[PDB]
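Chain by chain, the residues:
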Amino acid sequence: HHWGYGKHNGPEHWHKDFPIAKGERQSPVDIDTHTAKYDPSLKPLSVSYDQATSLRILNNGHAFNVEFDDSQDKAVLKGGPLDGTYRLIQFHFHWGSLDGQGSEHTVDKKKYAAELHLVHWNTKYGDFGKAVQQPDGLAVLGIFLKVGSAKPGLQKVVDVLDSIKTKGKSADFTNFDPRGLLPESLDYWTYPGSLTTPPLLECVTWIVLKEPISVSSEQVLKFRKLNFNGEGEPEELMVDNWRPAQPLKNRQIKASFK
Ligand SMILES: O=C1NC(=O)[C@@H](c2ccccc2)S1
Ligand SMILES: [Zn+2]
């Protein structure tokens, strides 16, 4: 597969190799804040990242992933809409060429400068590969980024990006604390959806925080210096690696808050 974000291989093309692209529970979606309903039954959300073990950061040609040790329950997401225990495997971002675009989800059609995805898999399936074949296999915690003040807990990530400029480059990335990426509030929206990149599998419980985090223009400018290409190839800046909103179809977006 040669999918990506260009005119020729971007989201509009994905359906030809991955027909579920046109499925019934695709992500991202627009979150209409006036249609989403408070659900008083949602249990409280539990983000337990005290024992998180980061390992490595990888430019995969599409984004950069901060990978964790997910061989035990070290950093887990529980509660909210979720039954059972979901293990953090990695986080990454999607971002734009300009501060007015970059997020995958939108809020009343507003696009943020970027969106953070903390990916977790349901430990009842044993491994990530099995979990992505299940409707309840993953939980993604999505956090919007707006441009304003710097986010101090992001700066270790932006500082290593020079070392992973091109596709296939990785760097050791131990002792990174992903708590430093969260906003104050854990108020959220939730809905059933999909992976936002091929293979586009309909395996995700989406949990999208209401409160964006602020990052500085300088921080996001450094995301934009990354490259989709490999070393020694013609430079194609890694920007606008987001999929646009997809049809909601027969789904409800629930709010955790009034
Ligand atoms: O949150 C998401 N963003 C992505 O790129 C999708 C994905 C695809 C493959 C592995 C992990 C995550 S799901
Ligand atoms: Zn993502």
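Quick note: structure is the one above.
Every chain here is numbered from 1 following its written sequence, a scheme that can differ from the numbering in the entry; residues without coordinates are not drawn. Lettering of chains starts at A and numbering of ligands starts at 1, both following the order in which they are written. As a rule here, side-chain values come from all non-hydrogen atoms in the structure, and water together with hydrogens is ignored.

As a further point, take the nonpolar core. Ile57, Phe64, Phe91, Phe93 and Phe223 are the most contacted members of the largest nonpolar core, which has 50 residues in total. Elements represented by at least two residues in this core include exactly β5 (64-68), β7 (86-95), β9 (114-122), β10 (138-147), α2 (155-160), β13 (204-209), β14 (213-215) and α3 (217-223). Only DSSP runs of H or I covering at least 4 residues are called helices, and only runs of E covering at least 2 are called strands; the numbering of each starts at the N terminus. Top contributing element to this core by residue count: β7, with 5 residues. Whether two residues are in contact is decided by their heavy atoms: any pair within 4.5 Å suffices. If we skip the residues at most four places from it in the chain, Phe64 touches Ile57, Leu58, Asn59, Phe91, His92, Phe93, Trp95, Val157, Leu161, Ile164, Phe223 and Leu226. The nonpolar core is taken to be a set of buried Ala, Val, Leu, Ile, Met, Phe, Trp, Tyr and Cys residues, with the residues joined through side-chain atoms within 4.5 Å. Each residue gets one of three labels from its accessible area relative to the maximum for its type: buried under 20%, exposed over 50%, partly exposed in between, using a 1.4 Å probe on protein chains only. Counting 23 residues, the second largest nonpolar core, distinct from the first, contains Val29, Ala36, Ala131 and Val140.

Here the bond from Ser27 into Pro28 is cis, since omega is -5°, no more than 30 degrees from zero. With a phi close to 50°, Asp108 is a non-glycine residue in the positive phi region. Tracing the sequence through the fold places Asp108 in the loop between β8 (106-107) and β9. Positioned with a positive phi, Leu200 is a non-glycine residue whose angle comes to about 65°. Among the structural elements, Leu200 can be located in the loop between β12 (188-193) and β13.

Our focus in this paragraph is the coordination of the zinc ion (ligand 2). All of the protein donors around the zinc ion (ligand 2) are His92 (NE2), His94 (NE2) and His117 (ND1); their distances to the metal are 2.0 to 2.1 Å. Water is absent from the atoms considered, so a metal site may look incomplete; donors are defined as N, O and S atoms within 2.8 Å of the metal, or 3.2 Å for Na, K and Ca. Note on geometry labels: four donors, all angles 85 to 135 degrees, give tetrahedral; four donors become square planar and six octahedral when opposite donors are over 155 degrees apart and every other angle is between 65 and 115; remaining cases are irregular. Seen from the zinc ion (ligand 2), its 4 donor atoms lie at angles of 99 to 125°, and the figure they make is tetrahedral. Linear spacing of the donor residues for the zinc ion (ligand 2) on their chain is H-x1-H-x22-H. Here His92 is found in strand β7, whereas its partner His117 is found in strand β9, with 25 residues between them in sequence. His92 gets classed as buried once you look at its relative accessible area, which sits at 10%.

Bringing the environment of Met238 into the picture now. Along the polypeptide, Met238 turns up in the loop between α3 and β15 (254-255). For the pair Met238 and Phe228, spaced 10 residues apart in the sequence, the C-alpha separation amounts to 5.0 Å. Setting aside residues up to four positions removed in sequence, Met238 forms contacts with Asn59, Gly61, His62, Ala63, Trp95, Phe223, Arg224, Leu226, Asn227 and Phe228.

The next thing to look at is the side chain of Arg87. As for its placement among the helices and strands, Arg87 is situated in strand β7. Polar contact is defined as a pair of N or O atoms within 3.5 Å, subject to the rule that within protein one atom must be able to donate a hydrogen and the other to accept it, and that residues adjacent in sequence are counted only when both atoms are side-chain atoms. At a separation of 2.9 Å, a polar atom in the side chain of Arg87 contacts the main-chain carbonyl oxygen of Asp70. Once residues within four sequence positions are removed from consideration, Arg87 is found in contact with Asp70, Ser71, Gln72, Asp73, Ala75, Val76, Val119, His120, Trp121 and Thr123.

Geometry of aromatic contacts follows a simple scheme: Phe, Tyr and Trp rings, the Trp one being its six-membered ring, pair when their centres are within 6.5 Å, and the pair is stacked under 30 degrees between planes, edge-to-face over 60, tilted otherwise. A complete count under the given rule lists 15 aromatic pairs for this structure. With centroids separated by 5.4 Å and ring planes inclined at 80°, the aromatic side chains of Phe64 and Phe223 adopt a geometry described as edge-to-face. With a gap of 159 residues between them, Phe64 in strand β5 and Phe223 in helix α3 connect regions that are remote in the sequence. Residues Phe64 and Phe223 agree in their burial class; the two are buried. One aromatic cluster in this structure is built from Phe64, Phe68, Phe91, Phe93, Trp95, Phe173, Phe176 and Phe223.

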